[PDB]
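Below is one structure, written out as structure tokens; the observations come after it.
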Ligand SMILES: *[C@@H]1O[C@H](CO)[C@@H](O[C@@H]2O[C@H](CO)[C@@H](O)[C@H](O)[C@H]2NC(C)=O)[C@H](O)[C@H]1NC(C)=O
Ligand SMILES: *[C@@H]1O[C@H](CO)[C@@H](O)[C@H](O)[C@H]1NC(C)=O
Ligand SMILES: *[C@@H]1O[C@H](CO)[C@@H](O)[C@H](O)[C@H]1NC(C)=O
Ligand SMILES: *[C@@H]1O[C@H](CO)[C@@H](O)[C@H](O)[C@H]1NC(C)=O
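Chains as they are written, first to last, in PDB author numbering: chain E, 1 to 121; chain F, 1 to 121; chain C, 150 to 248; chain Z, 497 to 545; chain S, 447 to 496; chain R, 348 to 446.
Pasting the structure below:
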């Protein structure tokens, strides 16, 4: 059974740093694409980040480029998600997401629990 | 054009009678040949049964004689497969197969979704 | 007093090759020697309907000028089933570098 | 490509051989059929075409 | 659609002039004898017109 | 290589034994279109393109002229007048990994 868990986050003041961990069991992280989304209270959901093992290394939202990095490790089978110099606009819930294809070309998205990150100015 | 859907199957105790219905749309069932195939994990595909409209009507494997029966219904365009006195070795995914000819000599082996059949001793 | 391959300035890049062949192994003296000519090597290169034919002949001669009087026939050497298109050619010569 | 997945989703290695002939010499040839030769008999022969 | 019209697809050799063939034996495409049993390298020689 | 980056190899100037491949019986699918499987050993070809990739089993039949699907449409499309053969074999004993 494929199970994904997110660790990290919390409430921090402005200028801090955070390190989220997305751990997946049942399948190696060395695959097509991992995704991370952000959900703010009372706001619309939008794609944020994605890491790929082929083609372009990573893709990011226009609001998160230049201050946010990601890495993966197949040996221990976990993805680290580092954010530096946090801003108040980053206060939201982080979601880790993966995708799989079925027998009849149907797509199953494994959704993560996510963690709340609050930045206080 | 040609659509094949299988209905029936499941898990049964050995010695019972089971029904499979292959519904075909886009072509009348009265044609050259309707086949039934089974596939199991770890082994190659083999021909199981067939029914013809010319010459000998039905052909079966030498080891399955007298246990499986096939029939056709032109009014609702369906293929009926009644299997009795099953054995645990028959646990496999079954498909109803037809063969169609293209304009440029291409030949298509149109199958359905298939149904899984398990027999418990 | 040894000679070894140092420079291959025939091409800068090789893209989308289609054929490669290697003849018998050998080891030919690369040391520069002076004196009168002693070896005459004749070749014929033809490119007909996809085949590149190379005919060859080797002759030891004892002379200083002109061609030998006798008649020599060139034996076929190699056939190339390549089918490339040829209108020009050139000779690749190995220069010498020393003190 | 999980070990417990179905045969339809099992990994399969596929190689397609495409054979092209142009205004160029034929390069790839199939194996030749060799038959024992017999002498001093009126026989049908085929040597390299 | 009409599939009542049949044509033979596999045969060992070409038909002699004005020959009629009605056999429905499975053609042995490979080396394994079909023996009236289809499968790999064993296909029904008759096909219907689409 | 991946199916979208299907590996292409050029074969030329050699003897290709197709009787052993045909009689190997180790390949699940062997479908030749435009050529005679028995006459493969009896013909000479200017060039051979070997197109290698790995797919799922159900898409094995999709590698054929006139077939449709994600792989056929976006990865490798065979022309309706394709001249060649397709050989597919299961690789579970070699491509099975934990997880
Ligand atoms: C790999 O090479 C072998 C031999 O060089 C080929 O032959 C078969 O190999 C399998 C497993 O290695 C054996 O079970 C068979 O008995 C061999 N012979 C035949 C006629 O199948 C083999 O086809 C090559 N390819 C693969 C994918 O194994
Ligand atoms: C001569 O010396 C050079 C370098 O000192 C070396 O590369 C070369 O192989 C030598 N020649 C022989 C014949 O050993
Ligand atoms: C390889 O593709 C074709 C075939 O010769 C040719 O047009 C091309 O120049 C070749 N070389 C490349 C793409 O570098
Ligand atoms: C060689 O010239 C062009 C390509 O450079 C080609 O179109 C032409 O057909 C060739 N000629 C011959 C005689 O092969």
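Quick reminder that beta carbons are idealized off the backbone N, C-alpha and C, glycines included.
Residue nearest to residue i in terms of C-alpha spacing, selected from the options
i: residue 514/Z; options: 445/R, 420/R, 425/R, 349/R; result: 425/R
i: residue 22/F; options: 13/F, 89/F, 3/F, 12/F; result: 3/F
i: residue 361/R; options: 239/C, 211/C, 245/C, 230/C; result: 230/C
i: residue 516/Z; options: 365/R, 359/R, 374/R; result: 359/R
i: residue 491/S; options: 447/S, 478/S, 453/S, 449/S; result: 453/S
i: residue 120/E; options: 86/E, 5/E, 27/E; result: 86/E
i: residue 241/C; options: 159/C, 224/C, 227/C; result: 159/C
i: residue 471/S; options: 495/S, 479/S, 447/S; result: 479/S
i: residue 521/Z; options: 168/C, 189/C, 212/C, 226/C; result: 168/C
i: residue 199/C; options: 228/C, 184/C, 211/C, 215/C; result: 228/C
i: residue 455/S; options: 477/S, 482/S, 469/S, 481/S; result: 469/S
i: residue 234/C; options: 153/C, 196/C, 224/C, 179/C; result: 196/C
i: residue 243/C; options: 178/C, 191/C, 150/C; result: 178/C
i: residue 391/R; options: 505/Z, 501/Z, 526/Z, 506/Z; result: 526/Z
i: residue 32/F; options: 487/S, 474/S, 493/S, 457/S; result: 493/S
i: residue 110/F; options: 432/R, 433/R, 408/R; result: 408/R
Straight-line Cα distance separating residue j from residue i
i: residue 172/E; j: residue 518/Z; result: This structure leaves residue 172/E out entirely; chain E is present only between 1 and 121.
i: residue 459/S; j: residue 368/R; result: 24 angstroms
i: residue 49/E; j: residue 62/E; result: 10 angstroms
i: residue 81/F; j: residue 106/F; result: 29 angstroms
i: residue 380/R; j: residue 232/C; result: 27 angstroms
i: residue 221/C; j: residue 206/C; result: 8 angstroms
i: residue 212/C; j: residue 188/C; result: 10 angstroms
i: residue 100/E; j: residue 483/S; result: 40 angstroms
i: residue 186/C; j: residue 165/C; result: 41 angstroms
i: residue 65/E; j: residue 112/F; result: 48 angstroms
i: residue 1/E; j: residue 28/E; result: 12 angstroms
i: residue 365/R; j: residue 42/F; result: 27 angstroms
i: residue 349/R; j: residue 248/C; result: 55 angstroms
i: residue 382/R; j: residue 477/S; result: 18 angstroms
i: residue 84/E; j: residue 12/E; result: 12 angstroms
i: residue 60/F; j: residue 530/Z; result: 42 angstroms
i: residue 18/E; j: residue 89/E; result: 15 angstroms
i: residue 77/E; j: residue 94/E; result: 19 angstroms
Exposed unless 16 or more other CB atoms sit within 10 angstroms - verdict on residue i
i: residue 499/Z; result: exposed
i: residue 114/E; result: buried
i: residue 388/R; result: buried
i: residue 96/F; result: buried
i: residue 511/Z; result: buried
i: residue 437/R; result: buried
i: residue 237/C; result: exposed
i: residue 92/E; result: buried
i: residue 352/R; result: exposed
i: residue 7/E; result: exposed
i: residue 172/C; result: exposed
i: residue 449/S; result: buried
i: residue 154/C; result: exposed
i: residue 9/F; result: buried
i: residue 371/R; result: exposed
i: residue 427/R; result: exposed
i: residue 217/C; result: exposed
i: residue 225/C; result: exposed
i: residue 56/F; result: exposed
i: residue 404/R; result: buried
i: residue 209/C; result: exposed
Range covered by the alpha helix (DSSP H) that runs through residue i
i: residue 420/R; result: 417-421
i: residue 369/R; result: 365-370
i: residue 109/E; result: Run containing residue 109/E: none in the alpha helix (DSSP H); it sits in the beta strand (DSSP E), 107-111.
i: residue 492/S; result: That residue, residue 492/S, is in no alpha helix (DSSP H); its beta strand (DSSP E) goes 492-494.
i: residue 439/R; result: 439-442
Continuous beta strand (DSSP E) stretch holding residue i: start and end
i: residue 388/R; result: Where residue 388/R is concerned, there is no enclosing beta strand (DSSP E), given that its DSSP letter is neither H nor E.
i: residue 533/Z; result: Here residue 533/Z belongs to no beta strand (DSSP E), and DSSP marks it neither H nor E.
i: residue 73/F; result: 68-73
i: residue 115/F; result: 115-120
i: residue 209/C; result: 200-209
i: residue 36/F; result: 33-39
i: residue 353/R; result: Note, residue 353/R: premise wrong, no beta strand (DSSP E); not H, not E.
is_contact[residue i, chain B] using C-beta, thresh 7 angstroms
i: residue 102/F; result: Going by chain labels, chain B is absent from the structure shown, which instead holds the protein chains E, F, C, Z, S and R.
Residues passing the C-beta test against ligand 1 heavy atoms, cut-off 5 angstroms:
Spelled out in chain order, the answer is 371/R, 373/R.
Residue list, Cβ distance to ligand 3 heavy atoms smaller than 5 angstroms
164/C, 165/C
Which residues have their C-beta within less than 7 angstroms of a heavy atom of ligand 2, listed in chain order?
Per the Cβ criterion, the list is 151/C, 153/C.
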